[PDB]
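Architecture and fold: a report
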Amino acid sequence: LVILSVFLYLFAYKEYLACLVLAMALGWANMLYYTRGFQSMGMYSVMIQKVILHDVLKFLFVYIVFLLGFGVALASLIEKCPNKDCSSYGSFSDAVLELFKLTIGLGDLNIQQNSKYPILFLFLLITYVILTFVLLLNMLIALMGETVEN
Amino acid sequence: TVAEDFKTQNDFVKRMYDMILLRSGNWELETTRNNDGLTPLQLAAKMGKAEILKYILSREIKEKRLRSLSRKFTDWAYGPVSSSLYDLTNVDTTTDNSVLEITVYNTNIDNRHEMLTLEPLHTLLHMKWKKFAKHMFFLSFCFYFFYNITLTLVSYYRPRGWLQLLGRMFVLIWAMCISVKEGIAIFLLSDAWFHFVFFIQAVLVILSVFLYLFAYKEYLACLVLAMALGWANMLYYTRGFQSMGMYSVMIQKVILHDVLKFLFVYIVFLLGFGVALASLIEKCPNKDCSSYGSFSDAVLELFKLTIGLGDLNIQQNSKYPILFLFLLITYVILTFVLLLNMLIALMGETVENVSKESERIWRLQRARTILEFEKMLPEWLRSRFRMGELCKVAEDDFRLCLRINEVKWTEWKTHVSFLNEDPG
Amino acid sequence: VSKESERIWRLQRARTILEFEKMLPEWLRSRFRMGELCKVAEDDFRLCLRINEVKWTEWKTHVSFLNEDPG
């Protein structure tokens, strides 16, 4: 990435910034390989990798399934209003994004969403919140409690 | 009927079984049927007797005149390696009620942990699986995945052809098929609630398409509910992979163990404090000057403030705002600091105790699935697979058998009993 | 704690049972009266509480028993 970016920069291009910043971020996230010179820090990095192999992959697969499913559901339930600030779950992208935010706890949960069956909307949103936040996160925390002891 | 266990019986019944059987050498005693049509084998399988079953399924007799009374003949041994040849005359789902089907479909023993790991049952299940259940399972999963994607697309792209009509007929006929199969399999009874879920989803789809072919617009509810139910239903097809199977089993174990109790208690608290806060609010005039207005808004604000999205303000138009603040702070304490952390500790306790039986329960579920698939095939295919091959055992015996090789480096002995002299 | 949870819960339920048993009036308590008489010796007539059991390890010839034919 670095050498390709500098090549494209010496040329007549301005799309080098993508490669440059991606390479930068990859290097800073790459320093974790040089953290194996210290016994404590070496064990630390090894258990990080063991964790990402064991659990986070399964959890991410399942969670992406749920996120995309309920995203298309909510985005279908929404009527297309012609006052574009009328509803927040508009296209499919906005729906999946609002679900992600509401998962990491940043957004805002309002009900007057210009839908046609608002009780159904509320039921779907509450079920998504339950399914992830109360169930999968805590279950994975218990599983990674099991792995670390082993 | 009397044999109990080892921890509570010291294993004296197995020996009396062996002695009484040998003292009258023939199949006269192990073939008769009591008033239910069961033999001591099927009678040991219906009840949970797992020690006598382990004895009978692999019973090797070394004497000369009574060798035709056994069920496992060593026939190839050379060094430390040897090739025992089990028997499958009433253990291989080819009769009315075999021992495999009785062991698997029995739902009244709770000791099936130790009965589906015995000598020929384990390898019979493994061979059936890797012979056809792998193919049939993956094929059914692919059919379900395409059915669900067609559903999702036809719902998202709704209106507000050569190919589209095909998709619609596909959805209709597959919903009809799943509903028929589930209605058939549901009349014969936790363990099998996924039949209920499949049935509800199929009924929702077919009801929606019916109401759509009519003069109705209220079909969208059934359609999107069915879609969401299918996407949340794929977790049943995640049992084909051992790691993923254990994963789904522990998810269900968790939702059974804890989340139900926690949700009961938490709903009690939420509704109580909701009605309290909504009562403490005095209506002010047209222009709402507070959030906790009606009861619905109060319960909703409490829910948001539980999952950490809302905003906690105090000027709530109340008449006793210090009391309002005390109630809100004590609700936040009660749930957020107490119940969530307590449940996390409890589910830390459960996981350390479930991971050891996850494999057992998953194995039992996969056995249920294998034997469920084996009945859909027609006659000639089942006659074509036919695990295990004949083996002349005695003067004229010709019993079906299932070879299982083995290697043992500790019990050295001169080999005397074997069927074929030169090992192959 | 999970290993003593059952013990502490059992003790609390025992407290509750014995607390309820005192609210009833006299005649009801005389009416329930767990356990029934059993002539034990020449003339003993002590109240008793039967508890059946099954043991498959200590085989012995039975010598001591009140009633000969089991019921």
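As documented in the archive entry, the model was determined using cryo-EM at 3.54 Å resolution.

1. Concerning the overall build of chain B
Along its length, chain B carries twelve helices and four strands. Scaling as 2.2 N^0.38, a compact globule of 424 residues should have a C-alpha radius of gyration of about 22 Å, whereas chain B reaches 31 Å, well beyond that. Each principal axis of the C-alpha atoms in chain B carries an extent, and together these give about 105 × 60 × 45 Å.

2. Focus: the overall build of chain C
Each helix and strand in chain C was counted, giving two helices and two strands. Each helix and strand of chain C, ordered N terminal to C terminal, gives the series α-α-β-β. A compact globule built from 71 residues should have a C-alpha radius of gyration of about 11 Å, whereas chain C, at 19 Å, is more than 25% larger.

3. Brief notes about the packing of helix α4 (residues 92-104) of chain A against helix α5 (residues 118-149) of chain A
Residues and elements named next belong to chain A. Between α4 and α5, the least distance of the axes is 11 Å, while the angle of their chain directions is 50°. Comparing their axes, α5 and α4 come out oblique. Note on packing geometry: the crossing formed by α4 with α5 is right-handed. Across the interface between the two elements, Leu-99, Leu-102 and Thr-103 of α4 pack against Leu-125, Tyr-128, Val-129 and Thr-132 of α5. Looking at side-chain class alone, the contact of α4 with α5 contains five nonpolar, two polar and no charged residues.

4. Some remarks on the environment of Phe-137 of chain B
Residues and elements named next belong to chain B. Within the secondary structure, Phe-137 is located in helix α5 (residues 119-156). Through-space distance from the C-alpha of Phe-137 to that of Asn-10 is 44 Å; in sequence the pair is 127 residues apart. Here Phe-137 is in contact with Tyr-237, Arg-239, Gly-240, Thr-369 and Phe-373, once residues within four sequence places are set aside.

5. Some remarks on the pattern of salt bridges
In this structure, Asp-108 of chain A and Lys-304 of chain B form a salt bridge, with 3.9 Å as the shortest nitrogen-oxygen distance. Taken together, the residues span two chains, with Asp-108 of chain A in the loop between α4 and α5 and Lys-304 of chain B in helix α10 (residues 295-307). Its salt-bridge partner being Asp-75 of chain B, residue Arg-403 of chain B comes within 3.4 Å of it at the nearest N-O pair. Beyond isolated ion pairs, a larger network of salt bridges with shared partners links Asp-108 of chain A together with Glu-301 and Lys-304 of chain B.

6. Here's the deal with the sheet that holds strand β3 (residues 389-391) of chain B
All names here are of chain B. One open sheet accounts for four strands, arranged β1-β2-β4-β3; its pairing is antiparallel. Every other strand in the sheet has two partners, leaving β1 (72-74) and β3 as the edge strands with one partner each. Here the strands of the sheet are splayed against their neighbours by 50° on average, with no regard to which way each runs. Bridge count between β1 and strand β2 (residues 81-87): three bridges; the pairing is antiparallel. Within the sheet, the bridge partner assigned to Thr-74 lies in β2 and is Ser-84. The strands that α5 touches are β2 and β4 (399-407); relative to β4, the one it contacts most, it runs at about 100°.

7. With respect to the pairing of β2 of chain B
Residue and element names in this part refer to chain B. Between the end of β1 and the start of β2, which pair antiparallel, lie six residues. Pairing of β2 with β4, which is carried by seven bridges, proceeds in the antiparallel orientation. From the neighbouring strand, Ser-82 faces β4, where its bridge partner is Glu-406.

8. As for the UniProt feature "transmembrane region" (unreviewed entry) in chain B
Residues given the UniProt feature "transmembrane region" (unreviewed entry) here are residues 136-157, 162-189, 192-213, 219-238, 259-281 and 322-346 of chain B. Measuring from the first to the last C-alpha atom of residues 322-346 of chain B gives 35 Å, for a span that is 100% helix and 0% strand.

9. A look at the interface of chain B and chain A
The partner chain A presents 35 residues to the 38 residues of chain B that form the contact. Broken down by secondary-structure element, the contributors of at least two residues to the side of chain B that touches chain A are α5, α8 (219-231), α9 (242-280), α10 and α11 (321-373) of chain B. In terms of residues, the side of chain B that touches chain A owes the most to one element, α9 of chain B, which gives ten residues. Per-class residue counts for the side of chain B that touches chain A are 27 nonpolar, six polar and five charged.

10. Overview of unusual backbone geometry
Among all residues except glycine, the phi angle is most often negative; among peptide bonds, the trans geometry is most common. The phi dihedral of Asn-114 of chain A falls on the positive side, at around 65°, and the residue is not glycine. As for its placement among the helices and strands, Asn-114 of chain A is situated in the loop between α4 and α5. Within the chain, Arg-33 of chain C stands out as a residue other than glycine whose phi angle is a positive 50°.

So, how was this worked out
- Residues numbered from 1 in each chain as written, not as in the entry; some residues may be left out.
- Chains lettered and ligands numbered in written order.
- Part of a larger assembly, values for the part shown.
- Heavy atoms only, no water.
- Residues with missing side-chain atoms left out of burial classes, pairs and counts.
- Helix = DSSP H or I, 4+ residues; strand = E, 2+ residues; numbered from the N terminus.
- Rg over C-alpha atoms; globule rule 2.2 N^0.38 Å.
- Axes fitted to C-alpha atoms, helices over the stretch in contact; angles between N-to-C directions.
- Parallel < 35°, antiparallel > 145°, perpendicular 65-115°, else oblique.
- Left-handed = near helix turned anticlockwise from the far one by under 90°.
- Contact = heavy atoms within 4.5 Å.
- Nonpolar A, V, L, I, M, F, W, Y, C, P; charged D, E, K, R; others polar.
- Salt bridge = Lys/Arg side-chain N within 4 Å of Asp/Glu carboxyl O.
- Pairing = 2+ DSSP bridges.
- UniProt positions renumbered as here; feature names shortened; annotations may be inferred.

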